[PDB]
Structure formats: C-alpha cells, structure tokens
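Colleague: This is the structure I want to talk about, given as structure tokens.
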Amino acid sequence: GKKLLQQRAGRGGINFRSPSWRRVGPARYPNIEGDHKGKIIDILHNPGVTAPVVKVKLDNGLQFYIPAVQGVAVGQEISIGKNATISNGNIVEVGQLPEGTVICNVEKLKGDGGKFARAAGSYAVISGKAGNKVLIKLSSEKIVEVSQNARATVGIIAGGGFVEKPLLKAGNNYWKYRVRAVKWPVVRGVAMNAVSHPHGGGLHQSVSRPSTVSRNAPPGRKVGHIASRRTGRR
Amino acid sequence: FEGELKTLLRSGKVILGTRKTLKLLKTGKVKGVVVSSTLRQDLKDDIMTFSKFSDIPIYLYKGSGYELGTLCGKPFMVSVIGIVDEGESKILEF
Amino acid sequence: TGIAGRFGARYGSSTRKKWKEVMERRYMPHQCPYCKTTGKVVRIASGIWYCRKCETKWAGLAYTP
Amino acid sequence: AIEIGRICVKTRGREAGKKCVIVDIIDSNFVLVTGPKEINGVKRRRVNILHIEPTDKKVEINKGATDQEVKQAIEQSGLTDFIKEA
Amino acid sequence: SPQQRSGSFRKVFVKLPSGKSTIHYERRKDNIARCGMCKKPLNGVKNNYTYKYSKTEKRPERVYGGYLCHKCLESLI
RNA sequence: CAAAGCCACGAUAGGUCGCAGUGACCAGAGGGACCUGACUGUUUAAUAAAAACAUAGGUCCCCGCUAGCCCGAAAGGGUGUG
RNA sequence: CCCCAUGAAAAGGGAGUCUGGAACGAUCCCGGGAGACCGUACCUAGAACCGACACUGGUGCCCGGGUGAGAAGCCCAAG
C-alpha cells in the first residue's frame, strides 16, 4: 500500500532537513601542512550536536571550529602539528602517540577533519600499532585503522554524565529533537493500519510473522529484529 | 618557611592589597613582595617587570590568596603582600 | 524532600529521586579551577561554566565542572 | 624604578604613547613630567603614578630643572629622536 | 499599518496647551554600533537615530577611542 | 521621622433596620466503594474524544563513515554543517 | 532565574589603523539649487470579503466612570 514511514524520509523533503543556519558551522579539522599554534577565543553551543564546540583563531589568521575538549578554556593556547607535545587539547598525529593514550576526534585520512570519537562523553584508546597504521578502539569496543599522518586531539570531548538526568517529560524530548531531523514523536507500526505497515492490521495485536528475515530480504520489508545475533534479556 | 613569615606578621610592618603596594613598589620603597599563584596574569608581568627596576627580591608562592590570607590570618584572601620592614625575620635573603 | 517536589506529586518519586540527587551537584558549591572557589560558578549549558570573578569560560561536563 | 630623569611613557591621555622626562616626585601618587619638544611638545604636566610605564633608558637631571637643560641633557646622551625609540 | 512594532506607542498631553490628543509612531532605539571580538560594553561614542554630523563628538580623542577600551586591544600596535 | 493637605489599605467601638444583609449581579453540590487509563496532551471536519495514539523508562537489533539507513532512470539525494 | 530549546542573516551606517596623492580645505556654520516612478477613493463586515443572497458561518488585527480583583455581569459616559 502507501509507503512506509521510513519510506517517507527517503524523499528528502522539508520534514527531514536540519536548520543548520541555526548551527555555528561545520566543525571539522581545517587543513594544515606543518606545525602551528593557536589560541581559544570563544565557546558556543551548537543545537543538534549534544556537545559544546570551540572557536579558535589561527596564528596565521584563520577561523575554524572543533568539538570542545574537556578542561580547556578561552585564552589558552593550542599547538597543532607534528612538533606538538601530548597536552590536553593539542591536536597531533597518531605517529607520535604512545600506547594507551587518551585522545578524541581522531582523523581517518590526512586532511579529512576527523570522523570518530566526536560526540560527548566518549574517548579514543590505542590498542596497538600496525605495519602502516595505528590500532584504535572506539567506545563500541571495535577497532578501526587510520593513516600515520592522520590527526587527533588529546583529551576528552565535553559532555560527561550526559544522560544521567532524566528527561522526565515528553516536552524535553520534544525540544531535544526540535532541530534534529528525527521524526518526533516516533510512532509504532503494529497498531497502524495494514495499508501502510508490514505488521499492521489485526484486532488482536500480535506479531504477524517471525520478525527475523533472511539477508536477501527486499527493502521496505526488513523490520523488527534485523540480523540479530541473539535475543533475551540475558 | 611559615615560622619565618609568622614572625613578620607579629612585629614587622606589612602591606596588604595590590593597589597600595603596586603604587608603592614602582617608587622602589618595599623590602620584598610575595605573590601566590592565583594572581591575575595581567598584573604578574608588571610585578616582574617592576621587580627588576629596583631589584626587590620576590618569592613566588605556589598557594592561593586563601592560604596566604589564612597564614596572614585575615578572613579574606590576599593576592599579594607588601613589606617595608623585615623587623626580626630572616626572609629577605630568599 | 525539598527540590524533589517542585513539580508536585507527578511522574513518580523514584524518577524524582534520580532527578533529585544529580541536580544538587549542579547547585552544590564548587571550586573554580581558575580564579578560585571564591565566587560561585554557574552552568549556562552542558559544558559551559564560569564564575563572576575569573571571567574565564571553559569546557565542563554536562552537569559538573 | 620610578626615578628622576628616567624617560617614560603614559598609558592614556592625548599623548597615550608619547614620552616625558621625570623631574620630581611631588607625592606618593603624582609626579610632574614634560615631553618638551614632542611632535605635540606636551606641556609640563604632572600625572598619576598608575599612568606611566618606565623604559630602559635614564638621563641624569637635577631636581625638577627646566626645558633648556633637558633640551641639552638628552641630546648630551644623544637620545633626541629616540623619544619614540625609547 | 496593521498593528506592528515599528514605533513606540506615544501620545501627547503633558507639555501641551491647546486641547487636542492623538498618537505618534517612532522607530526603535539603537545602541553602540555592531560587531564582536572583545564583547566589551563600550562607552564614550554618540549613537542617535539621527547623526548631527558631529565629527569627534561621537568618538573619543584616545588612540583607538571609538574602537574599544584597553581591555583587549594591545595586539595591534 | 513627625505634622498639613491628599490617597489607599486594615482593624475597633457604638447605635440602628429588615424575613433576607457575597440582598441584585457574579458565583463548586458534596461524600463514600470499585474498575480502567499513570497524568497535561492528540485525533474519526459533517453519527463516535475514548481504554485509541505520544509520552517519560526499561529492552533488544544494525552500523565504524567509501558505515548503517533508507529514495531515483542517472547524476547522486538526504540521516550529514553528524 | 531558566534551557539536553541558547533563541536569522544581508544590504545600510559609523568609527579605528596603514599606504599613496595634491595643497587647499572641511562630518562647521552661512547663502543658494535639486530631489525620479508608482501605491494613495471607500469598506471592513449582522449589507461593502468569501460562503450562489442585503447570509446569526468564517477571516482579522489593535485601543471612559462608577459598581466592582477584574477586558466577569449591570447600568451609564464618547459614539
């Protein structure tokens, strides 16, 4: 019948874009080629980020934004490049790091801007050294590999204890995603009419089919437990 | 260290408050000045800059105004200390 | 129970108790790492703190300096 | 230190960067100085002590002498154009 | 023309010897002009909804007098 | 401060009328036992407001960005100023 | 004081600093000259709009006394 709610987000309409003009800017590492020293000038909040950011002036006169790192302040100076030491907030490369180092916002390939450990509360740990690259573990206890000259920042991104405070109120939940393109509030499907949901319909609300399906399952039908390794509370 | 200081407060003349000592120090009429680590950096250089203009010994205090004031005994902190009379203590050589 | 009740008798005490304990730590008087605990610091937003003496903005946790 | 005959700058005021020579110490918080032949030739005017910043050059002058001798005293040291090099 | 914000809702009856009462609209206030690096509340510069062509009166005689105080400025000279 | 003129508010005494003194007007009936839904909220315009939906929370699944997710013919699009 | 919501951007103005230029020369006052084109009537709704109508439907928006907390009810000002 009429396509799924997940299907609707595939159109790329208004209901799914972000008002990033209300956001400070694209916070990825600006491209540098050597070693340079910068000072923090401001910290601002960025709505759909769940983590504070920093405005930092460059010694050569550049403006850029990076996720804010714990224990760093306005007016403190940050050096970036090969020569920089292991200090909180300094941006260095993995080639100089020792084992078990705590860093965040690790860059994948040179000049990309960092794609891992950029949210609040997380950190990056080093689990070894490869032949050409470095062993890095994210909070999900998995491992990724990034280049030698790939950049990173020593410290931890601010936002610890983020979810301890209960929402306590759907109003909070409503204004948590007021800017993020998450469709809110989420609506379950099992109570929906069958005309627009694979498990819709039926007076007695029940699971129509075993939710687990084969890997070759067509799009728009994969629902519920998708490629589950195991179920149960334990 | 503290025994040396505690003697000065007992009898030796002391100055409390940056404005007075900074007013006074530029005229080169202070025996010595001790500053805790908590001084606003805007003034620390000026003290250090003014330190060499009449060669007045300066001791850097790792503490804050509190422990400096707690030793000073005043309930409120002292950022700096001004001295115009060592009295009987043995601090100036430091 | 003080601040735990400022919403009346709603949402469940167990929820309230959890919201209770964390909240005081925000309002429990802290120690400014830069000037000193002399003045008190405030949490404008998660990670945002400065007392009214140091005038030193810095990165904090979600609810603690 | 703040001493007589030491060339020095002023933090503020119209000159706010021009120099004057210390002639006397009228009190613990004011001293009279004069940049005699600056580009503006600031007239003999005392100033607050928190209003100056000493330099690293000093000239020997008696107690509060006049313009003629500083006109010569500094050029005796040959620091005529170094008013700004001060 | 529809009830708007462009004009403070004033009237006229204090300083007034004739007999007639009405309404007037007048645009909002300014402040000391815009940008931000030292975020310091400035002073000593004139900013009226008209400009009297007063040259210096709107700017201090200090070196950076119209620019900002000496809190965040010794990075240039 | 305190006096004077004003002005508002809050109490005291005394007398006195009527059936009636928040005189009209304006203006909760209340109590007890039980079931269901946690609640404020939302919706069947023009037969239905509810126990129907969302909720705060617990719980599981997928995934290390050239990911995952989904849309088109294709350029690619959007979750991504992440 | 609140925020896991942090609450738009341009043009348009004004100022500051450094370079070059000519010596005349105004962000001063005084006298003089000019300043396209186009909107401009009326009605805002129990008769001026729509709902087929001179329609108790909707579409608006904003603003005296006493009694009285009151923009509640009543009555009476302006009309």
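Residue names in the structure tokens use chain letters A, B, ... in the order shown, residue numbers from 1 in each chain, and ligand numbers from 1 in the order shown.
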Within 9 Å of chain A, which residues of chain G come that close, and what is the closest atom pair and distance in Å for each? Count only C-alpha atoms (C1' of nucleotides) and give it as a tab-separated table.
Modeller:
```
residue	atom	partner	partner_atom	distance
G:4	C1'	A:176	CA	6.1
G:5	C1'	A:175	CA	5.3
G:6	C1'	A:45	CA	7.1
G:8	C1'	A:22	CA	7.8
G:9	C1'	A:21	CA	8.9
```
Colleague: Would you pick out the contacts of segment 17-23 of chain G at 10 Å or less, using only C-alpha atoms (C1' of nucleotides), so that residues sharing its chain but fewer than 5 positions from it are not included, and give the list as number ranges by chain?
Modeller: E: 63-64, 76-77
Colleague: List the neighbours of residue 46 of chain C out to 7 Å using only C-alpha atoms (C1' of nucleotides); skip same-chain residues closer than 5 positions along the sequence, and give me the result as JSON, numbers by chain.
Modeller: {"A": [159], "C": [61, 62, 63]}
Colleague: Just C-alpha atoms for this one: save the residues we selected as a PDB file, in the first residue's frame.
Modeller:
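Below is the file that was written, out00.pdb:
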```
ATOM      1  CA  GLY A 159      29.522  16.243  27.910  1.00  0.00           C
TER       2      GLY A 159
ATOM      3  CA  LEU C  61      30.863  18.184  31.815  1.00  0.00           C
ATOM      4  CA  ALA C  62      27.124  18.020  31.186  1.00  0.00           C
ATOM      5  CA  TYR C  63      26.340  18.965  34.785  1.00  0.00           C
TER       6      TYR C  63
END
```
Colleague: Residues of chain A within 12 Å of chain E: nearest atom pair and distance (Å, one decimal) for each, counting only C-alpha atoms, sorted by chain and number, as JSON lines?
Modeller:
```
{"residue": "A:41", "atom": "CA", "partner": "E:37", "partner_atom": "CA", "distance": 8.5}
{"residue": "A:42", "atom": "CA", "partner": "E:37", "partner_atom": "CA", "distance": 9.3}
{"residue": "A:55", "atom": "CA", "partner": "E:37", "partner_atom": "CA", "distance": 11.4}
{"residue": "A:57", "atom": "CA", "partner": "E:37", "partner_atom": "CA", "distance": 11.1}
{"residue": "A:74", "atom": "CA", "partner": "E:38", "partner_atom": "CA", "distance": 11.8}
{"residue": "A:75", "atom": "CA", "partner": "E:72", "partner_atom": "CA", "distance": 11.4}
```
Colleague: Excluding segment 18-35 of chain F and residues on its chain fewer than 2 positions from it, collect all residues at most 10 Å away from it, counting only C-alpha atoms (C1' of nucleotides), and give them as a list in words.
Modeller: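 These residues fall inside the cut-off: residues 72, 73 and 74 of chain G.
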Colleague: Identify, with DSSP run on backbone atoms, the residues in segment 1-207 of chain A assigned to alpha helix (DSSP H), and express the list as a list in words.
Modeller: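 Those in segment 1-207 of chain A that DSSP calls alpha helix (DSSP H) are residues 5, 6, 7, 8, 170, 171, 172, 173, 174, 175 and 176 of chain A.
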Colleague: Restricting the output to N, CA and C atoms, write the selected residues as a PDB file, in the first residue's frame.
Modeller:
```
ATOM      1  N   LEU A   5       6.638   4.742   6.822  1.00  0.00           N
ATOM      2  CA  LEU A   5       7.121   5.980   7.420  1.00  0.00           C
ATOM      3  C   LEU A   5       8.612   6.154   7.171  1.00  0.00           C
ATOM      4  N   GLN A   6       9.392   5.081   7.338  1.00  0.00           N
ATOM      5  CA  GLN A   6      10.790   5.129   6.928  1.00  0.00           C
ATOM      6  C   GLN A   6      10.897   5.485   5.459  1.00  0.00           C
ATOM      7  N   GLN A   7       9.955   4.995   4.660  1.00  0.00           N
ATOM      8  CA  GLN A   7       9.958   5.295   3.239  1.00  0.00           C
ATOM      9  C   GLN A   7       9.841   6.793   3.012  1.00  0.00           C
ATOM     10  N   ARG A   8       9.011   7.460   3.814  1.00  0.00           N
ATOM     11  CA  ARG A   8       8.741   8.876   3.596  1.00  0.00           C
ATOM     12  C   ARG A   8      10.005   9.709   3.735  1.00  0.00           C
ATOM     13  N   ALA A 170       7.895  14.453  28.170  1.00  0.00           N
ATOM     14  CA  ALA A 170       7.919  14.412  26.716  1.00  0.00           C
ATOM     15  C   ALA A 170       8.202  15.787  26.132  1.00  0.00           C
ATOM     16  N   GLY A 171       7.893  16.849  26.875  1.00  0.00           N
ATOM     17  CA  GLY A 171       8.270  18.175  26.426  1.00  0.00           C
ATOM     18  C   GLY A 171       9.763  18.301  26.206  1.00  0.00           C
ATOM     19  N   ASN A 172      10.559  17.813  27.159  1.00  0.00           N
ATOM     20  CA  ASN A 172      12.003  17.776  26.959  1.00  0.00           C
ATOM     21  C   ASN A 172      12.341  17.000  25.701  1.00  0.00           C
ATOM     22  N   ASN A 173      11.757  15.814  25.561  1.00  0.00           N
ATOM     23  CA  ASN A 173      12.002  15.009  24.377  1.00  0.00           C
ATOM     24  C   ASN A 173      11.599  15.770  23.124  1.00  0.00           C
ATOM     25  N   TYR A 174      10.556  16.592  23.219  1.00  0.00           N
ATOM     26  CA  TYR A 174      10.103  17.328  22.047  1.00  0.00           C
ATOM     27  C   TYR A 174      11.115  18.396  21.648  1.00  0.00           C
ATOM     28  N   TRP A 175      11.622  19.143  22.618  1.00  0.00           N
ATOM     29  CA  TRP A 175      12.684  20.114  22.397  1.00  0.00           C
ATOM     30  C   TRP A 175      14.085  19.533  22.391  1.00  0.00           C
ATOM     31  N   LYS A 176      14.259  18.231  22.597  1.00  0.00           N
ATOM     32  CA  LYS A 176      15.584  17.681  22.345  1.00  0.00           C
ATOM     33  C   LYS A 176      15.838  17.553  20.853  1.00  0.00           C
TER      34      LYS A 176
END
```
Colleague: Tell me, in Å to one decimal, how far atom CA of residue 58 of chain C is from atom CA of residue 71 of chain E.
Modeller: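 Computing it gives 19.6 Å between the two atoms.
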